[PDB]
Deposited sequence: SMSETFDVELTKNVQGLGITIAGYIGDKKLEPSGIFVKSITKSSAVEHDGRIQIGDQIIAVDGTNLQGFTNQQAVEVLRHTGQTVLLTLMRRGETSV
């Protein structure tokens, strides 16, 4: 197994952060970056990539949460956000 964990301090503009994030919902888990908007704060920063897992927001660890619970933390953020992400490079399946 191998992963990278990193954090990114971001300040929203008119387009917000500029990421679309998703996880499985219904009856491993997690929420992941699906897309990054052109000219967004996230794109400008350059570190975050599609497939990165969001594992913490503003001091709140998300890894024990339901995916929708985690989504709601992101939805209710203020203008400045500290995101912690995990990027998996090797897995055993």
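Stretches of the deposited sequence absent from the structure, as judged by C-alpha coordinates, reduce to one: 28 to 31.
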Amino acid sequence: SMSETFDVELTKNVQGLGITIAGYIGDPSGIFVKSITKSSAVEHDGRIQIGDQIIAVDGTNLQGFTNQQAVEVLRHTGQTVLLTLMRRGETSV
From here on, numbers count along this sequence of modelled residues.
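If you average the C-alpha B-factors over 9 to 17 and over 80 to 88, the higher value belongs to 9 to 17. The question of which stretch, 60 to 68 or 46 to 54, has the higher mean Cα B factor is settled in favour of 60 to 68. Ranked against the other modelled residues of its chain, the C-alpha B-factor of residue 36 as given in the entry falls in the middle third.
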